[PDB]
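Structure data (PDB, N, CA and C atoms) from entry_7.pdb:
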ATOM      1  N   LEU F 444      12.360  26.987  -7.389  1.00  0.00           N
ATOM      2  CA  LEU F 444      11.111  26.250  -7.463  1.00  0.00           C
ATOM      3  C   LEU F 444      11.249  24.920  -6.734  1.00  0.00           C
ATOM      4  N   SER F 445      10.107  24.343  -6.378  1.00  0.00           N
ATOM      5  CA  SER F 445      10.097  23.066  -5.692  1.00  0.00           C
ATOM      6  C   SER F 445      10.420  21.939  -6.670  1.00  0.00           C
ATOM      7  N   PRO F 446      10.857  20.787  -6.166  1.00  0.00           N
ATOM      8  CA  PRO F 446      11.072  19.637  -7.049  1.00  0.00           C
ATOM      9  C   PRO F 446       9.755  19.116  -7.600  1.00  0.00           C
ATOM     10  N   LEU F 447       9.853  18.396  -8.713  1.00  0.00           N
ATOM     11  CA  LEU F 447       8.671  17.779  -9.291  1.00  0.00           C
ATOM     12  C   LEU F 447       8.415  16.420  -8.647  1.00  0.00           C
ATOM     13  N   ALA F 448       7.168  15.972  -8.734  1.00  0.00           N
ATOM     14  CA  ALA F 448       6.729  14.744  -8.087  1.00  0.00           C
ATOM     15  C   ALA F 448       6.612  13.623  -9.109  1.00  0.00           C
ATOM     16  N   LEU F 449       7.291  12.515  -8.841  1.00  0.00           N
ATOM     17  CA  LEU F 449       7.205  11.305  -9.651  1.00  0.00           C
ATOM     18  C   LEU F 449       6.426  10.282  -8.831  1.00  0.00           C
ATOM     19  N   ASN F 450       5.122  10.167  -9.105  1.00  0.00           N
ATOM     20  CA  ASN F 450       4.258   9.329  -8.285  1.00  0.00           C
ATOM     21  C   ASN F 450       3.359   8.402  -9.096  1.00  0.00           C
ATOM     22  N   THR F 451       3.559   8.293 -10.405  1.00  0.00           N
ATOM     23  CA  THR F 451       2.805   7.371 -11.241  1.00  0.00           C
ATOM     24  C   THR F 451       3.772   6.590 -12.117  1.00  0.00           C
ATOM     25  N   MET F 452       3.427   5.335 -12.410  1.00  0.00           N
ATOM     26  CA  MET F 452       4.314   4.455 -13.155  1.00  0.00           C
ATOM     27  C   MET F 452       3.773   3.998 -14.502  1.00  0.00           C
ATOM     28  N   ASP F 453       2.474   4.123 -14.755  1.00  0.00           N
ATOM     29  CA  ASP F 453       1.947   3.751 -16.057  1.00  0.00           C
ATOM     30  C   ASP F 453       2.090   4.912 -17.042  1.00  0.00           C
ATOM     31  N   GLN F 454       1.849   4.614 -18.321  1.00  0.00           N
ATOM     32  CA  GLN F 454       2.109   5.599 -19.367  1.00  0.00           C
ATOM     33  C   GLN F 454       1.137   6.770 -19.313  1.00  0.00           C
ATOM     34  N   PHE F 455      -0.074   6.557 -18.800  1.00  0.00           N
ATOM     35  CA  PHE F 455      -1.108   7.584 -18.798  1.00  0.00           C
ATOM     36  C   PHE F 455      -1.241   8.282 -17.450  1.00  0.00           C
ATOM     37  N   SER F 456      -0.297   8.051 -16.535  1.00  0.00           N
ATOM     38  CA  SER F 456      -0.276   8.697 -15.219  1.00  0.00           C
ATOM     39  C   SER F 456      -1.580   8.464 -14.460  1.00  0.00           C
ATOM     40  N   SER F 457      -2.012   7.205 -14.419  1.00  0.00           N
ATOM     41  CA  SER F 457      -3.240   6.839 -13.733  1.00  0.00           C
ATOM     42  C   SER F 457      -3.062   5.736 -12.699  1.00  0.00           C
ATOM     43  N   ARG F 458      -1.832   5.400 -12.322  1.00  0.00           N
ATOM     44  CA  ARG F 458      -1.572   4.317 -11.384  1.00  0.00           C
ATOM     45  C   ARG F 458      -0.411   4.698 -10.481  1.00  0.00           C
ATOM     46  N   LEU F 459      -0.666   4.739  -9.177  1.00  0.00           N
ATOM     47  CA  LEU F 459       0.356   5.091  -8.204  1.00  0.00           C
ATOM     48  C   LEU F 459       1.345   3.942  -8.018  1.00  0.00           C
ATOM     49  N   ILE F 460       2.548   4.292  -7.576  1.00  0.00           N
ATOM     50  CA  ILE F 460       3.626   3.320  -7.390  1.00  0.00           C
ATOM     51  C   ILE F 460       3.457   2.633  -6.041  1.00  0.00           C
ATOM     52  N   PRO F 461       3.202   1.330  -6.013  1.00  0.00           N
ATOM     53  CA  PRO F 461       2.985   0.629  -4.747  1.00  0.00           C
ATOM     54  C   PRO F 461       4.263  -0.006  -4.208  1.00  0.00           C
ATOM     55  N   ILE F 462       4.207  -0.378  -2.928  1.00  0.00           N
ATOM     56  CA  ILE F 462       5.269  -1.139  -2.289  1.00  0.00           C
ATOM     57  C   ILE F 462       4.649  -2.268  -1.478  1.00  0.00           C
ATOM     58  N   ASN F 463       5.457  -3.297  -1.241  1.00  0.00           N
ATOM     59  CA  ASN F 463       5.028  -4.492  -0.531  1.00  0.00           C
ATOM     60  C   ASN F 463       4.939  -4.213   0.973  1.00  0.00           C
ATOM     61  N   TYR F 464       4.313  -5.144   1.695  1.00  0.00           N
ATOM     62  CA  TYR F 464       4.195  -5.016   3.145  1.00  0.00           C
ATOM     63  C   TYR F 464       5.560  -5.090   3.822  1.00  0.00           C
ATOM     64  N   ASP F 465       6.390  -6.057   3.421  1.00  0.00           N
ATOM     65  CA  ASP F 465       7.728  -6.166   3.994  1.00  0.00           C
ATOM     66  C   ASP F 465       8.586  -4.966   3.626  1.00  0.00           C
ATOM     67  N   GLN F 466       8.382  -4.409   2.434  1.00  0.00           N
ATOM     68  CA  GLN F 466       9.092  -3.192   2.064  1.00  0.00           C
ATOM     69  C   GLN F 466       8.684  -2.030   2.960  1.00  0.00           C
ATOM     70  N   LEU F 467       7.410  -1.971   3.353  1.00  0.00           N
ATOM     71  CA  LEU F 467       6.975  -0.940   4.291  1.00  0.00           C
ATOM     72  C   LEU F 467       7.566  -1.167   5.678  1.00  0.00           C
ATOM     73  N   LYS F 468       7.677  -2.431   6.096  1.00  0.00           N
ATOM     74  CA  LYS F 468       8.319  -2.735   7.371  1.00  0.00           C
ATOM     75  C   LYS F 468       9.804  -2.397   7.343  1.00  0.00           C
ATOM     76  N   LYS F 469      10.421  -2.430   6.162  1.00  0.00           N
ATOM     77  CA  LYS F 469      11.783  -1.926   6.027  1.00  0.00           C
ATOM     78  C   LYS F 469      11.812  -0.403   6.078  1.00  0.00           C
ATOM     79  N   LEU F 470      10.845   0.243   5.423  1.00  0.00           N
ATOM     80  CA  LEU F 470      10.834   1.699   5.334  1.00  0.00           C
ATOM     81  C   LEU F 470      10.638   2.344   6.698  1.00  0.00           C
ATOM     82  N   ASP F 471       9.720   1.814   7.507  1.00  0.00           N
ATOM     83  CA  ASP F 471       9.472   2.433   8.804  1.00  0.00           C
ATOM     84  C   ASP F 471      10.549   2.102   9.828  1.00  0.00           C
ATOM     85  N   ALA F 472      11.495   1.230   9.492  1.00  0.00           N
ATOM     86  CA  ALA F 472      12.614   0.911  10.366  1.00  0.00           C
ATOM     87  C   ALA F 472      13.808   1.832  10.158  1.00  0.00           C
ATOM     88  N   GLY F 473      13.694   2.830   9.286  1.00  0.00           N
ATOM     89  CA  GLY F 473      14.757   3.784   9.048  1.00  0.00           C
ATOM     90  C   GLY F 473      15.529   3.577   7.765  1.00  0.00           C
ATOM     91  N   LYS F 474      15.342   2.454   7.078  1.00  0.00           N
ATOM     92  CA  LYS F 474      16.025   2.236   5.809  1.00  0.00           C
ATOM     93  C   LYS F 474      15.534   3.230   4.764  1.00  0.00           C
ATOM     94  N   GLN F 475      16.460   3.717   3.946  1.00  0.00           N
ATOM     95  CA  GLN F 475      16.165   4.716   2.934  1.00  0.00           C
ATOM     96  C   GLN F 475      16.074   4.072   1.557  1.00  0.00           C
ATOM     97  N   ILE F 476      15.397   4.769   0.649  1.00  0.00           N
ATOM     98  CA  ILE F 476      15.270   4.361  -0.743  1.00  0.00           C
ATOM     99  C   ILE F 476      16.178   5.252  -1.578  1.00  0.00           C
ATOM    100  N   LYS F 477      17.042   4.634  -2.374  1.00  0.00           N
ATOM    101  CA  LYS F 477      17.960   5.358  -3.237  1.00  0.00           C
ATOM    102  C   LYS F 477      17.404   5.426  -4.652  1.00  0.00           C
ATOM    103  N   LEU F 478      17.832   6.445  -5.392  1.00  0.00           N
ATOM    104  CA  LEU F 478      17.392   6.663  -6.762  1.00  0.00           C
ATOM    105  C   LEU F 478      18.599   6.651  -7.685  1.00  0.00           C
ATOM    106  N   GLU F 479      18.535   5.825  -8.724  1.00  0.00           N
ATOM    107  CA  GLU F 479      19.582   5.731  -9.726  1.00  0.00           C
ATOM    108  C   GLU F 479      18.988   5.984 -11.102  1.00  0.00           C
ATOM    109  N   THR F 480      19.627   6.860 -11.866  1.00  0.00           N
ATOM    110  CA  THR F 480      19.226   7.133 -13.238  1.00  0.00           C
ATOM    111  C   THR F 480      20.004   6.219 -14.176  1.00  0.00           C
ATOM    112  N   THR F 481      19.278   5.470 -15.002  1.00  0.00           N
ATOM    113  CA  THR F 481      19.883   4.514 -15.919  1.00  0.00           C
ATOM    114  C   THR F 481      20.092   5.081 -17.315  1.00  0.00           C
ATOM    115  N   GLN F 482      19.160   5.898 -17.799  1.00  0.00           N
ATOM    116  CA  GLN F 482      19.281   6.513 -19.111  1.00  0.00           C
ATOM    117  C   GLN F 482      18.399   7.750 -19.144  1.00  0.00           C
ATOM    118  N   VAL F 483      18.725   8.661 -20.059  1.00  0.00           N
ATOM    119  CA  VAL F 483      17.959   9.883 -20.270  1.00  0.00           C
ATOM    120  C   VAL F 483      17.769  10.078 -21.767  1.00  0.00           C
ATOM    121  N   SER F 484      16.519  10.220 -22.192  1.00  0.00           N
ATOM    122  CA  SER F 484      16.192  10.536 -23.573  1.00  0.00           C
ATOM    123  C   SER F 484      15.954  12.031 -23.721  1.00  0.00           C
ATOM    124  N   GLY F 485      16.203  12.538 -24.920  1.00  0.00           N
ATOM    125  CA  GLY F 485      16.026  13.955 -25.169  1.00  0.00           C
ATOM    126  C   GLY F 485      16.199  14.254 -26.640  1.00  0.00           C
ATOM    127  N   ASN F 486      16.109  15.540 -26.964  1.00  0.00           N
ATOM    128  CA  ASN F 486      16.162  15.999 -28.342  1.00  0.00           C
ATOM    129  C   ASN F 486      17.174  17.124 -28.480  1.00  0.00           C
ATOM    130  N   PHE F 487      17.730  17.250 -29.680  1.00  0.00           N
ATOM    131  CA  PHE F 487      18.525  18.404 -30.068  1.00  0.00           C
ATOM    132  C   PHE F 487      17.820  19.114 -31.215  1.00  0.00           C
ATOM    133  N   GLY F 488      18.245  20.343 -31.479  1.00  0.00           N
ATOM    134  CA  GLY F 488      17.614  21.193 -32.479  1.00  0.00           C
ATOM    135  C   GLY F 488      18.485  21.352 -33.713  1.00  0.00           C
ATOM    136  N   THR F 489      17.840  21.337 -34.879  1.00  0.00           N
ATOM    137  CA  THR F 489      18.509  21.603 -36.147  1.00  0.00           C
ATOM    138  C   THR F 489      17.771  22.702 -36.898  1.00  0.00           C
ATOM    139  N   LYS F 490      18.138  22.926 -38.156  1.00  0.00           N
ATOM    140  CA  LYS F 490      17.502  23.929 -38.999  1.00  0.00           C
ATOM    141  C   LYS F 490      16.956  23.269 -40.257  1.00  0.00           C
ATOM    142  N   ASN F 491      15.707  23.581 -40.591  1.00  0.00           N
ATOM    143  CA  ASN F 491      15.086  23.093 -41.814  1.00  0.00           C
ATOM    144  C   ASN F 491      15.518  23.976 -42.985  1.00  0.00           C
TER     145      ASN F 491
ATOM    146  N   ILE U 299      24.435  -9.455 -30.477  1.00  0.00           N
ATOM    147  CA  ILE U 299      23.996 -10.656 -29.771  1.00  0.00           C
ATOM    148  C   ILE U 299      23.571 -10.211 -28.378  1.00  0.00           C
ATOM    149  N   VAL U 300      22.267 -10.079 -28.159  1.00  0.00           N
ATOM    150  CA  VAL U 300      21.724  -9.539 -26.919  1.00  0.00           C
ATOM    151  C   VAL U 300      21.078 -10.665 -26.127  1.00  0.00           C
ATOM    152  N   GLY U 301      21.428 -10.760 -24.845  1.00  0.00           N
ATOM    153  CA  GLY U 301      20.804 -11.710 -23.956  1.00  0.00           C
ATOM    154  C   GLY U 301      20.402 -11.042 -22.657  1.00  0.00           C
ATOM    155  N   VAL U 302      19.452 -11.671 -21.973  1.00  0.00           N
ATOM    156  CA  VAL U 302      18.907 -11.158 -20.723  1.00  0.00           C
ATOM    157  C   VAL U 302      19.288 -12.107 -19.598  1.00  0.00           C
ATOM    158  N   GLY U 303      19.678 -11.541 -18.459  1.00  0.00           N
ATOM    159  CA  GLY U 303      20.010 -12.337 -17.293  1.00  0.00           C
ATOM    160  C   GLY U 303      19.333 -11.843 -16.033  1.00  0.00           C
ATOM    161  N   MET U 304      18.630 -12.733 -15.337  1.00  0.00           N
ATOM    162  CA  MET U 304      17.921 -12.366 -14.120  1.00  0.00           C
ATOM    163  C   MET U 304      18.854 -12.452 -12.921  1.00  0.00           C
ATOM    164  N   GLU U 305      18.745 -11.471 -12.028  1.00  0.00           N
ATOM    165  CA  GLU U 305      19.560 -11.420 -10.822  1.00  0.00           C
ATOM    166  C   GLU U 305      18.808 -11.856  -9.573  1.00  0.00           C
ATOM    167  N   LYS U 306      17.531 -11.501  -9.450  1.00  0.00           N
ATOM    168  CA  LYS U 306      16.731 -11.943  -8.316  1.00  0.00           C
ATOM    169  C   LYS U 306      15.256 -11.756  -8.636  1.00  0.00           C
ATOM    170  N   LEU U 307      14.415 -12.455  -7.876  1.00  0.00           N
ATOM    171  CA  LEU U 307      12.970 -12.406  -8.048  1.00  0.00           C
ATOM    172  C   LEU U 307      12.315 -12.085  -6.712  1.00  0.00           C
ATOM    173  N   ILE U 308      11.293 -11.234  -6.751  1.00  0.00           N
ATOM    174  CA  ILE U 308      10.632 -10.717  -5.558  1.00  0.00           C
ATOM    175  C   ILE U 308       9.163 -11.113  -5.610  1.00  0.00           C
ATOM    176  N   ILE U 309       8.652 -11.640  -4.499  1.00  0.00           N
ATOM    177  CA  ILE U 309       7.277 -12.118  -4.402  1.00  0.00           C
ATOM    178  C   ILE U 309       6.511 -11.206  -3.454  1.00  0.00           C
ATOM    179  N   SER U 310       5.340 -10.747  -3.892  1.00  0.00           N
ATOM    180  CA  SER U 310       4.454  -9.916  -3.082  1.00  0.00           C
ATOM    181  C   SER U 310       3.146 -10.669  -2.878  1.00  0.00           C
ATOM    182  N   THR U 311       2.969 -11.243  -1.689  1.00  0.00           N
ATOM    183  CA  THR U 311       1.771 -12.020  -1.395  1.00  0.00           C
ATOM    184  C   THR U 311       0.534 -11.131  -1.437  1.00  0.00           C
ATOM    185  N   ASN U 312      -0.509 -11.603  -2.117  1.00  0.00           N
ATOM    186  CA  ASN U 312      -1.728 -10.822  -2.316  1.00  0.00           C
ATOM    187  C   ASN U 312      -2.760 -11.259  -1.280  1.00  0.00           C
ATOM    188  N   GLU U 313      -2.553 -10.808  -0.049  1.00  0.00           N
ATOM    189  CA  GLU U 313      -3.429 -11.120   1.068  1.00  0.00           C
ATOM    190  C   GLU U 313      -4.206  -9.882   1.493  1.00  0.00           C
ATOM    191  N   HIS U 314      -5.300 -10.116   2.211  1.00  0.00           N
ATOM    192  CA  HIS U 314      -6.103  -9.048   2.794  1.00  0.00           C
ATOM    193  C   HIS U 314      -6.354  -9.392   4.254  1.00  0.00           C
ATOM    194  N   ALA U 315      -5.908  -8.520   5.154  1.00  0.00           N
ATOM    195  CA  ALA U 315      -5.969  -8.762   6.588  1.00  0.00           C
ATOM    196  C   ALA U 315      -6.836  -7.708   7.258  1.00  0.00           C
ATOM    197  N   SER U 316      -7.646  -8.138   8.224  1.00  0.00           N
ATOM    198  CA  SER U 316      -8.554  -7.248   8.929  1.00  0.00           C
ATOM    199  C   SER U 316      -8.457  -7.486  10.429  1.00  0.00           C
ATOM    200  N   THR U 317      -8.790  -6.449  11.195  1.00  0.00           N
ATOM    201  CA  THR U 317      -8.758  -6.501  12.652  1.00  0.00           C
ATOM    202  C   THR U 317      -9.932  -5.694  13.183  1.00  0.00           C
ATOM    203  N   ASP U 318     -10.756  -6.314  14.022  1.00  0.00           N
ATOM    204  CA  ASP U 318     -11.960  -5.681  14.541  1.00  0.00           C
ATOM    205  C   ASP U 318     -12.058  -5.899  16.043  1.00  0.00           C
ATOM    206  N   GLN U 319     -12.367  -4.834  16.778  1.00  0.00           N
ATOM    207  CA  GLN U 319     -12.669  -4.946  18.198  1.00  0.00           C
ATOM    208  C   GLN U 319     -13.867  -4.066  18.522  1.00  0.00           C
ATOM    209  N   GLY U 320     -14.691  -4.534  19.463  1.00  0.00           N
ATOM    210  CA  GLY U 320     -15.907  -3.835  19.810  1.00  0.00           C
ATOM    211  C   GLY U 320     -16.137  -3.823  21.308  1.00  0.00           C
ATOM    212  N   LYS U 321     -17.127  -3.028  21.712  1.00  0.00           N
ATOM    213  CA  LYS U 321     -17.532  -2.903  23.103  1.00  0.00           C
ATOM    214  C   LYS U 321     -19.044  -2.743  23.153  1.00  0.00           C
ATOM    215  N   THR U 322     -19.632  -3.131  24.283  1.00  0.00           N
ATOM    216  CA  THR U 322     -21.082  -3.127  24.415  1.00  0.00           C
ATOM    217  C   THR U 322     -21.452  -2.805  25.856  1.00  0.00           C
ATOM    218  N   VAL U 323     -22.557  -2.079  26.021  1.00  0.00           N
ATOM    219  CA  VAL U 323     -23.138  -1.792  27.329  1.00  0.00           C
ATOM    220  C   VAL U 323     -24.637  -2.041  27.239  1.00  0.00           C
ATOM    221  N   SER U 324     -25.187  -2.766  28.211  1.00  0.00           N
ATOM    222  CA  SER U 324     -26.600  -3.117  28.192  1.00  0.00           C
ATOM    223  C   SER U 324     -27.189  -2.987  29.590  1.00  0.00           C
ATOM    224  N   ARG U 325     -28.519  -2.928  29.640  1.00  0.00           N
ATOM    225  CA  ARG U 325     -29.246  -2.774  30.894  1.00  0.00           C
ATOM    226  C   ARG U 325     -30.666  -3.284  30.699  1.00  0.00           C
ATOM    227  N   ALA U 326     -31.161  -4.057  31.665  1.00  0.00           N
ATOM    228  CA  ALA U 326     -32.495  -4.636  31.582  1.00  0.00           C
ATOM    229  C   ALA U 326     -33.214  -4.478  32.916  1.00  0.00           C
ATOM    230  N   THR U 327     -34.546  -4.461  32.852  1.00  0.00           N
ATOM    231  CA  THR U 327     -35.395  -4.357  34.031  1.00  0.00           C
ATOM    232  C   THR U 327     -36.592  -5.278  33.858  1.00  0.00           C
ATOM    233  N   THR U 328     -36.964  -5.977  34.929  1.00  0.00           N
ATOM    234  CA  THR U 328     -38.039  -6.958  34.887  1.00  0.00           C
ATOM    235  C   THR U 328     -39.023  -6.706  36.020  1.00  0.00           C
ATOM    236  N   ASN U 329     -40.313  -6.740  35.692  1.00  0.00           N
ATOM    237  CA  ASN U 329     -41.395  -6.622  36.664  1.00  0.00           C
ATOM    238  C   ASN U 329     -42.210  -7.906  36.612  1.00  0.00           C
ATOM    239  N   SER U 330     -42.034  -8.765  37.612  1.00  0.00           N
ATOM    240  CA  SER U 330     -42.684 -10.069  37.658  1.00  0.00           C
ATOM    241  C   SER U 330     -43.724 -10.091  38.770  1.00  0.00           C
ATOM    242  N   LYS U 331     -44.935 -10.532  38.432  1.00  0.00           N
ATOM    243  CA  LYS U 331     -46.046 -10.616  39.371  1.00  0.00           C
ATOM    244  C   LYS U 331     -46.648 -12.010  39.299  1.00  0.00           C
ATOM    245  N   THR U 332     -46.803 -12.651  40.456  1.00  0.00           N
ATOM    246  CA  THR U 332     -47.284 -14.023  40.535  1.00  0.00           C
ATOM    247  C   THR U 332     -48.393 -14.127  41.571  1.00  0.00           C
ATOM    248  N   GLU U 333     -49.464 -14.832  41.212  1.00  0.00           N
ATOM    249  CA  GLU U 333     -50.581 -15.096  42.106  1.00  0.00           C
ATOM    250  C   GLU U 333     -50.750 -16.597  42.284  1.00  0.00           C
ATOM    251  N   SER U 334     -50.909 -17.025  43.535  1.00  0.00           N
ATOM    252  CA  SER U 334     -51.089 -18.431  43.873  1.00  0.00           C
ATOM    253  C   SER U 334     -52.371 -18.593  44.675  1.00  0.00           C
ATOM    254  N   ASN U 335     -53.207 -19.545  44.268  1.00  0.00           N
ATOM    255  CA  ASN U 335     -54.459 -19.840  44.953  1.00  0.00           C
ATOM    256  C   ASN U 335     -54.515 -21.325  45.271  1.00  0.00           C
ATOM    257  N   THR U 336     -54.835 -21.648  46.521  1.00  0.00           N
ATOM    258  CA  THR U 336     -54.943 -23.035  46.957  1.00  0.00           C
ATOM    259  C   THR U 336     -55.687 -23.131  48.285  1.00  0.00           C
TER     260      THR U 336
END
Please rewrite the model in this file as structure tokens.
Amino acid sequence: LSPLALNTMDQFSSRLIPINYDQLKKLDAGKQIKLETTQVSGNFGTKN
Amino acid sequence: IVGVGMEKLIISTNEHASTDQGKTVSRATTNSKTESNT
């Protein structure tokens, strides 16, 4: 399957992630954006 | 004992910039008639 898209930053998924003008001038110059995971939340299963 | 430390601050200027260019072509015609009596 294809990867999922992370393109909203607010809690209700109604606001796109923006970048600054100088950040765009960096992006079109060949500089890449790296992704770092800081923490992951999740659940485990038990028996009632 | 939890504390927060800032490493750097980033400023995003909230400006709006526009650029407009135009072109025009025009044409006129005049019919002038003059009478002189003396």
- Hits from the ChimeraX specification (/U :<8) & /F, listed as a PyMOL selection string: chain F and resi 462-465
- For the atom pair atom N of residue 445 of chain F and atom CA of residue 466 of chain F, what is the interatomic distance in Å to one decimal place?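 Computing it gives 28.8 Å between the two atoms.
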So that all listed atoms of segment 315-330 of chain U fit with 4 Å spare on each side, what axis-aligned box centre and edge lengths in Å, to one decimal, would you give as lines of an AutoDock Vina configuration file?
center_x = -24.8
center_y = -5.9
center_z = 22.0
size_x = 45.8
size_y = 16.3
size_z = 41.6
- Just give me the gap between atom N of residue 458 of chain F and atom N of residue 484 of chain F in Å, one decimal is fine. 21.4 Å
- Would you mind reading off the distance between atom C of residue 470 of chain F and atom CA of residue 457 of chain F, one decimal, in Å?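 Going from atom C of residue 470 of chain F over to atom CA of residue 457 of chain F covers 25.1 Å.
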Taking N, CA, C and O atoms as the atom set, what does segment 311-326 of chain U look like once completed, written as an mmCIF file, keeping the file's coordinate frame?
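Result written to selection-v3.cif:
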data_model
loop_
_atom_site.group_PDB
_atom_site.id
_atom_site.type_symbol
_atom_site.label_atom_id
_atom_site.label_comp_id
_atom_site.auth_asym_id
_atom_site.auth_seq_id
_atom_site.Cartn_x
_atom_site.Cartn_y
_atom_site.Cartn_z
ATOM 1 N N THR U 311 2.969 -11.243 -1.689
ATOM 2 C CA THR U 311 1.771 -12.020 -1.395
ATOM 3 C C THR U 311 0.534 -11.131 -1.437
ATOM 4 O O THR U 311 0.519 -10.040 -0.860
ATOM 5 N N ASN U 312 -0.509 -11.603 -2.117
ATOM 6 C CA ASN U 312 -1.728 -10.822 -2.316
ATOM 7 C C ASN U 312 -2.760 -11.259 -1.280
ATOM 8 O O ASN U 312 -3.717 -11.976 -1.571
ATOM 9 N N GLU U 313 -2.553 -10.808 -0.049
ATOM 10 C CA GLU U 313 -3.429 -11.120 1.068
ATOM 11 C C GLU U 313 -4.206 -9.882 1.493
ATOM 12 O O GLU U 313 -3.832 -8.748 1.183
ATOM 13 N N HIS U 314 -5.300 -10.116 2.211
ATOM 14 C CA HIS U 314 -6.103 -9.048 2.794
ATOM 15 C C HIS U 314 -6.354 -9.392 4.254
ATOM 16 O O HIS U 314 -6.943 -10.433 4.554
ATOM 17 N N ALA U 315 -5.908 -8.520 5.154
ATOM 18 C CA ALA U 315 -5.969 -8.762 6.588
ATOM 19 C C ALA U 315 -6.836 -7.708 7.258
ATOM 20 O O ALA U 315 -6.771 -6.526 6.909
ATOM 21 N N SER U 316 -7.646 -8.138 8.224
ATOM 22 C CA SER U 316 -8.554 -7.248 8.929
ATOM 23 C C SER U 316 -8.457 -7.486 10.429
ATOM 24 O O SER U 316 -8.091 -8.573 10.881
ATOM 25 N N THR U 317 -8.790 -6.449 11.195
ATOM 26 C CA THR U 317 -8.758 -6.501 12.652
ATOM 27 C C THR U 317 -9.932 -5.694 13.183
ATOM 28 O O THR U 317 -10.082 -4.520 12.834
ATOM 29 N N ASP U 318 -10.756 -6.314 14.022
ATOM 30 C CA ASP U 318 -11.960 -5.681 14.541
ATOM 31 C C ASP U 318 -12.058 -5.899 16.043
ATOM 32 O O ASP U 318 -11.860 -7.017 16.527
ATOM 33 N N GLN U 319 -12.367 -4.834 16.778
ATOM 34 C CA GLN U 319 -12.669 -4.946 18.198
ATOM 35 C C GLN U 319 -13.867 -4.066 18.522
ATOM 36 O O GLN U 319 -14.045 -2.993 17.942
ATOM 37 N N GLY U 320 -14.691 -4.534 19.463
ATOM 38 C CA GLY U 320 -15.907 -3.835 19.810
ATOM 39 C C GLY U 320 -16.137 -3.823 21.308
ATOM 40 O O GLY U 320 -15.446 -4.496 22.073
ATOM 41 N N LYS U 321 -17.127 -3.028 21.712
ATOM 42 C CA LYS U 321 -17.532 -2.903 23.103
ATOM 43 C C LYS U 321 -19.044 -2.743 23.153
ATOM 44 O O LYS U 321 -19.668 -2.278 22.198
ATOM 45 N N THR U 322 -19.632 -3.131 24.283
ATOM 46 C CA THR U 322 -21.082 -3.127 24.415
ATOM 47 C C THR U 322 -21.452 -2.805 25.856
ATOM 48 O O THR U 322 -20.748 -3.192 26.792
ATOM 49 N N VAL U 323 -22.557 -2.079 26.021
ATOM 50 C CA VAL U 323 -23.138 -1.792 27.329
ATOM 51 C C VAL U 323 -24.637 -2.041 27.239
ATOM 52 O O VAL U 323 -25.288 -1.578 26.296
ATOM 53 N N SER U 324 -25.187 -2.766 28.211
ATOM 54 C CA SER U 324 -26.600 -3.117 28.192
ATOM 55 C C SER U 324 -27.189 -2.987 29.590
ATOM 56 O O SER U 324 -26.472 -2.938 30.590
ATOM 57 N N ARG U 325 -28.519 -2.928 29.640
ATOM 58 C CA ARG U 325 -29.246 -2.774 30.894
ATOM 59 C C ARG U 325 -30.666 -3.284 30.699
ATOM 60 O O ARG U 325 -31.298 -2.973 29.687
ATOM 61 N N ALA U 326 -31.161 -4.057 31.665
ATOM 62 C CA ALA U 326 -32.495 -4.636 31.582
ATOM 63 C C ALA U 326 -33.214 -4.478 32.916
ATOM 64 O O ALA U 326 -32.584 -4.369 33.971
#
